[PDB]
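Undergrad: For reference, the structure I am asking about is given below.
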Amino acid sequence: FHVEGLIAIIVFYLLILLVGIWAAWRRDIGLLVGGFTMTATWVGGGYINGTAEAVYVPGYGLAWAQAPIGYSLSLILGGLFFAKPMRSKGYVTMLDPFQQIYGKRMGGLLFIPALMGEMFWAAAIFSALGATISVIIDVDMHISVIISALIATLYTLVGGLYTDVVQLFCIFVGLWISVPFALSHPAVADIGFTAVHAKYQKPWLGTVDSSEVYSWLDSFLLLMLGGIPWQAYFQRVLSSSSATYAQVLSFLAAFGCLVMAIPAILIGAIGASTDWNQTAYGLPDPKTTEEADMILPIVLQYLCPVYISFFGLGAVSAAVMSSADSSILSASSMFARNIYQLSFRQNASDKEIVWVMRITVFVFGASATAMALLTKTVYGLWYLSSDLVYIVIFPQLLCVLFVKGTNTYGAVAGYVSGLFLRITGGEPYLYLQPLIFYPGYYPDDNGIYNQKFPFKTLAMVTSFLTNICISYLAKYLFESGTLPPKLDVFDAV
Ligand SMILES: *[C@@H]1O[C@H](CO)[C@@H](O[C@@H]2O[C@H](CO)[C@@H](O[C@@H]3O[C@H](CO)[C@@H](O)[C@H](O)[C@@H]3O)[C@H](O)[C@H]2NC(C)=O)[C@H](O)[C@H]1NC(C)=O
Ligand SMILES: C[N+](C)(C)CCO
């Protein structure tokens, strides 16, 4: 087990690194490579393992696999709406507009939650990589994720002293070659039948009841409008040369990620349609055994022959471990540059960049490892990433950019209001019992209250209206008498 798995992973990762450095070593297609790399930024660890877990779990089903359909629509909306009002004014990055208007220091306050979201995303990628490595070499869960994160961070440290194209071909081959003949054991039932009638378990095409349609709408408008303000997307859009180039790139990336989500949904459907008693996985199912994150690696390993399995599985592991470096490097470099050019100053010649980036990558590897080492989900961390980005970035990025009005006062007021209406609202994925108990609450199996009434969307709306109202009242009273203009720290007058 151990030796063959290590051989496969080492061989395939060495090959992909050689191919990448060779392509870097030395027309009518240019958009397609850009589309592939931009959809390579989203895919990797997030979709495949995450959406496999979302489909497989009895209770979620496909109807609650909110992410893969959420983020393609996120790209479409972001391109079609924000692609135009991002060129004429002139924006180096998405961090620049916040520092341009809200004095400059408030950018760090606004990008501590985006940093937290990217921490969550890195934790999801690390958990996916740990799951795949643990399945392929059969050593353990907690050790595997720590080792994988250590390798990823060490590779980040010296990896800077085109790859993304080969990375997606690795995923596309690895999955689509392993499930034209995977649903062929005497165990796997008809993928069409277990969608609507339930052989081994409750149907993988999950059902949403009329009582909790509001939760669906909220948790789907969350993903749609929280996948847009991410740093990687706006870093790729602004470097695009032509105006319509950004729109075309976003549309092709959305189509690519929709096509890429197909091989992973069927994997979850197979996993939910098997008979985990005639295979080699023993009597317990991966549902009454908290290993629902490994559904995709388990179906790839056990429901495929020896030679077909490890090719695709090693390809998937290599692709996700490749994406880990991009995640960590962005999450460290953006923080270092923005906030240590924000706070006072630091000598950027030979000290600031080197040691602050080094300490940042070390601490972020440690934090992502600790964050993904305890939460036994791979979809939950990803969802919470998009969640917090939605709550406390999208309203302010929408009011600063789309039309007009946002002062600094409204920024802090909306920040406080949104954070309050969430942290008092309740986070079921973590062990955070709510404190307001919005009408329609139903207790969960664990013992953690979750709410049917929407409070993420309510938090977004409250933050936006708080920003607008506070800023316009500031424009009302910028004169004397009512709060004389002497008080001025961050100015709107
Ligand atoms: C998969 O599950 C099936 C049952 O759904 C298992 O098949 C049955 O397993 C039992 C226990 O090993 C075999 O012994 C039988 O036990 C009952 C208990 O009262 C006894 O009354 C019978 O006289 C018999 O001794 C049983 O023969 C077997 N049935 C068949 C048709 O093979 C099976 O072991 C599970 N695992 C697989 C298929 O890998
Ligand atoms: C929505 N995110 C950008 C956080 C991940 C896409 O997989």
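Residues 3 to 28, 47 to 181, 186 to 517 in PDB author numbering are what the sequence shown spells out, letter by letter. Using N, Cα and C, we set each Cβ at its ideal position, and we do this for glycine too.
Compare the beta carbon distance of residue 42 and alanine 26 with 8 Å and say whether it is the shorter of the two.
TA: Between 28 and 47 the numbering of the chain has a gap, and residue 42 falls inside it, with no coordinates.
Undergrad: For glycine 449 versus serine 487, is the C-beta spacing smaller than 8 Å?
TA: For the purposes of this step, residue 449 is taken as the residue at position 425 of the sequence shown. For the purposes of this step, residue 487 is taken as the residue at position 463 of the sequence shown. No. Outside cutoff.
Undergrad: For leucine 445, which of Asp214, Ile167, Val272, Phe479 has the nearest alpha-carbon?
TA: Against the sequence shown, residue 445 aligns to sequence position 421. Among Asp214, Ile167, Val272, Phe479, the Cα nearest to that of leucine 445 belongs to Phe479.
Undergrad: Opposite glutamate 451 in the DSSP bridges: which residues?
TA: Mapped onto the sequence shown, residue 451 falls at position 427. Partner(s): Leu456.
Undergrad: Check the C-beta distance from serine 357 over to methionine 395 and give it rounded, since I have them as a contact under 8 Å.
TA: In the sequence shown, the residue the question calls residue 357 occupies position 333. In the sequence shown, the residue the question calls residue 395 occupies position 371. Their Cβ separation, rounded to whole angstroms, is 20 Å, which puts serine 357 and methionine 395 out of contact at 8 Å.
Undergrad: Determine the direct distance from the alpha carbon of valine 344 to that of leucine 8, and round the result to whole angstroms.
TA: As a position in the sequence shown, residue 8 is number 6, starting the count at 1. As a position in the sequence shown, residue 344 is number 320, starting the count at 1. Straight-line measurement puts the Cα of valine 344 at about 16 Å from the Cα of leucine 8.
Undergrad: Could you tell me the boundaries of the alpha helix (DSSP H) in which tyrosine 257 lies?
TA: Taking the sequence shown and counting its residues from 1, one reaches residue 257 at position 233. From DSSP, the alpha helix (DSSP H) with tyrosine 257 extends over 255–262.
Undergrad: Whose C-beta lies closer than 6 Å to the C-beta of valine 323 among residues of the same chain, with five residues either side of it excluded?
TA: The residue given as residue 323 occupies position 299 in the sequence shown. Excluding residues within five positions, the ones whose Cβ falls inside 6 Å are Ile291, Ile294, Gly295.
Undergrad: Do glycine 198 and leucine 82 come within 8 Å of each other at the CB atom, strictly closer than that value?
TA: Numbered from its first residue, the sequence shown carries residue 82 at position 62. Numbered from its first residue, the sequence shown carries residue 198 at position 174. No, they are not a contact pair.
Undergrad: Going by the CB atoms, is the gap between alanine 103 and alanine 270 shorter than 8 Å?
TA: The residue you call residue 270 lines up with position 246 of the sequence shown. The residue you call residue 103 lines up with position 83 of the sequence shown. In this structure, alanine 103 lies closer than 8 Å to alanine 270 by Cβ.
Undergrad: With DSSP collapsed to three states, give me the class of residue 182.
TA: Within the chain, residue numbering steps from 181 directly to 186, and residue 182 belongs to the interval with no atoms modelled.
Undergrad: When a residue counts only if its C-beta is closer than 6 Å to some heavy atom of ligand 2, which residues count, in chain order?
TA: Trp62, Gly66, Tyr91, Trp141, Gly251, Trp254, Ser409, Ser410
Undergrad: If you count every other CB in all the chains shown that lies within 10 Å of the CB of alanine 348, and 16 or more means buried, which is it?
TA: On the sequence shown, position 324 is the one that residue 348 refers to. Looking at its Cβ environment, which holds 16 or more other Cβ atoms inside 10 Å, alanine 348 is buried.
Undergrad: List in chain order: all unbroken alpha helix (DSSP H) runs of 4+ residues lying wholly within the stretch 423–496.
TA: 432–447
Undergrad: Here's a check: name, in chain order, each residue in its chain whose Cβ is nearer than 7 Å to the Cβ of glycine 150, leaving out the five neighbours to either side.
TA: One-based indexing of the sequence shown puts residue 150 at position 130. Cβ within range, chain order: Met161, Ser164, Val165, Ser168.
Undergrad: If you compare alpha carbons, which of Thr399, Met318, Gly99, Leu177 is closest to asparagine 69?
TA: The residue labelled residue 69 in the question sits at position 49 within the sequence shown. Here the closest residue by C-alpha is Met318.
Undergrad: Taking 7 Å as the cut-off, does the CB of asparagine 301 come closer than this to any heavy atom belonging to ligand 1?
TA: The count along the sequence shown starts at 1 and reaches residue 301 at position 277. The answer is yes for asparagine 301.
Undergrad: Considering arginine 361, what are the terminal residues of the alpha helix (DSSP H) in which it resides?
TA: The residue given as residue 361 occupies position 337 in the sequence shown. 330–366 is the extent of the alpha helix (DSSP H) around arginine 361.
Undergrad: If we ignore side chains and look at the alpha-carbon of each, how far apart do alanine 483 and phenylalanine 418 end up?
TA: On the sequence shown, position 459 is the one that residue 483 refers to. On the sequence shown, position 394 is the one that residue 418 refers to. If you draw a straight line from the Cα of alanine 483 to the Cα of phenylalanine 418, it is about 11 Å long.
Undergrad: Can you tell me whether DSSP reads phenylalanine 3 as helix, strand or coil?
TA: Indexing the sequence shown from 1 puts residue 3 at position 1. For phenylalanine 3, the three-state secondary structure derived from DSSP is coil.
Undergrad: Are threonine 481 and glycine 438 close, meaning C-beta to C-beta below 8 Å?
TA: Along the sequence shown, one-based indexing puts residue 481 at 457. Along the sequence shown, one-based indexing puts residue 438 at 414. Contact flag unset, no.
Undergrad: Quick check on the burial criterion: 16 or more other C-beta atoms within 10 angstroms. Buried or exposed for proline 509?
TA: As a first step, residue 509 must be located in the sequence shown, where it is residue number 485. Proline 509 comes out exposed.
Undergrad: Keeping to the same chain, check which residues put their C-beta closer than 7 Å to that of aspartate 411; ignore five residues upstream and five downstream.
TA: To locate residue 411, count along the sequence shown from 1; it is residue 387. Closer than 7 Å at Cβ, skipping near neighbours: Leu246, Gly250, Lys480.
Undergrad: Would DSSP call residue 518 helix, strand or coil?
TA: Residue 518 is absent from the model: the chain starts at 3 and stops at 517.
Undergrad: So which of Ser234, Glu138, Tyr122 has the shortest CA-CA distance to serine 351?
TA: Along the sequence shown, read from residue 1 onward, the residue named residue 351 stands at position 327. Closest by alpha carbon: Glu138.
Undergrad: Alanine 277 and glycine 55 look like a contact to me (Cβ under 8 Å); what is the Cβ gap, rounded to whole Å?
TA: Taking the first residue of the sequence shown as 1, we reach residue 277 at position 253. Taking the first residue of the sequence shown as 1, we reach residue 55 at position 35. Their Cβ separation, rounded to whole angstroms, is 6 Å, which keeps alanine 277 and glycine 55 in contact under 8 Å.
Undergrad: Please confirm if the stretch 371–386 is in contact with the stretch 83–96, defined as three or more CB-CB distances below 8 Å between the two stretches.
TA: No: the two stretches stay apart, fewer than three of their Cβ pairs being nearer than 8 Å.
Undergrad: Reducing DSSP to helix, strand and coil, say where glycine 79 ends up.
TA: The sequence position of residue 79 within the sequence shown is 59, counting from 1. Three-state DSSP puts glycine 79 in coil, outside helix and strand.
Undergrad: At what residues does the alpha helix (DSSP H) containing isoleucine 322 begin and finish?
TA: In the sequence shown, residue 322 corresponds to position 298, counting from 1. Start and end: 319–326.
Undergrad: Out of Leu366, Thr432, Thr61, which one is the CA nearest neighbour of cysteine 281?
TA: By one-based count along the sequence shown, residue 281 stands at place 257. Closest by alpha carbon: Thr61.
Undergrad: Please determine if the stretch 422–431 and the stretch 466–476 are in contact, where contact requires at least 3 C-beta pairs separated by less than 8 Å.
TA: no
Undergrad: Taking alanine 304 as the reference, give the member of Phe217, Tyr326, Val436, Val283 with the closest Cα.
TA: The residue labelled residue 304 in the question sits at position 280 within the sequence shown. Measuring from the Cα of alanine 304, the nearest candidate turns out to be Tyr326.
Undergrad: Using 8 Å for Cβ pairs, my map puts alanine 206 next to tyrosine 224. What's the rounded Cβ distance?
TA: Within the sequence shown, the letter at position 182 stands for residue 206. Within the sequence shown, the letter at position 200 stands for residue 224. Between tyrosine 224 and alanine 206 the Cβ distance is about 16 Å, and since that is not below 8 Å, they are no contact.
Undergrad: If you measure between the beta carbons of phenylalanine 3 and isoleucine 195, is that distance less than 8 Å?
TA: The residue labelled residue 3 in the question sits at position 1 within the sequence shown. The residue labelled residue 195 in the question sits at position 171 within the sequence shown. No. Outside cutoff.
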